[PDB]
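This is the structure I have questions about; it appears just below.
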Amino acid sequence: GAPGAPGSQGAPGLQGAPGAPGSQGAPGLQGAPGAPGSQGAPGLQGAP
Amino acid sequence: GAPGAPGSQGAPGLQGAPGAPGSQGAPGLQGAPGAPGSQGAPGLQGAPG
């Protein structure tokens, strides 16, 4: 006997949880609004 | 004159040096897999409209 010296090692460095969404889009931002007026006839001329 | 016989000895028969490091000891584990979770699960939404 003598050189008996197994220098191996079990599986290291394999721990993480693979399967990250790796980016998954998103629910969606709240859009900015706008003035809900409208085009029309705001003319000084009124009832004929 | 009457030379005796001690009885010679020798190799018993099992010459297999049992020295592999397995030792029945459950060796290293194997790559730990994984997965994602409940990522964003957004509830209500702004709905400006």
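Here, each number is a calculation from the coordinates, and none is a lab measurement. Cβ placement follows ideal geometry from the backbone for every residue including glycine, while neighbour counts extend to all protein chains displayed.
Describe numerically, in nm with one decimal, the distance between label points set 7 Å from Cα along Cα→Cβ at B:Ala5 and at B:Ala41.
8.7 nm
Largest first, please: the extent of the C-alpha atoms of the protein assembly as shown along each principal axis, to the nearest Å.
Principal extents (Cα only, largest first): 162, 22, 11 Å.
How many Cβ atoms of partner chains, on average, are near each residue of A:30-40 if near means within 10 Å of its Cβ?
1
Ok, one more. Enumerate the calculated ³J(HN,Hα) couplings along segment A:30-44 in order (Karplus 6.51 cos²θ - 1.76 cosθ + 1.60, θ = phi - 60°), each rounded to whole Hz, writing x wherever the residue is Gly or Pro.
With the stated coefficients, segment A:30-44 comes to 7, x, 5, x, x, 5, x, x, 5, 6, x, 10, x, x, 4 Hz.
Just grab the label-to-label distance for B:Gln15 and A:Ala20, each label 7 Å out from Cα along the Cβ direction, in nm (one decimal).
Going by the 7 Å Cα→Cβ label model, 5.8 nm.
What does the average come to when, for each residue of peptide B:19-25, you count the partner chain Cβ atoms lying within 10 Å of its Cβ?
Taking all residues of B:19-25 together, the mean is 2.
With springs only between Cα atoms under 10 Å apart, run a GNM on chain A and tell me which of A:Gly28, A:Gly16, A:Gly37 wobbles the most.
A:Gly37
Taking beta carbons within 10 Å but only from partner chains, what does the mean come to for residues A:2-12?
That average works out to 3.
A further question on this structure: Please give the Cα centre distance for segment B:6-35 versus segment A:6-48, rounded to the nearest Å.
About 59 Å separates the Cα centre of segment B:6-35 from the one of segment A:6-48.
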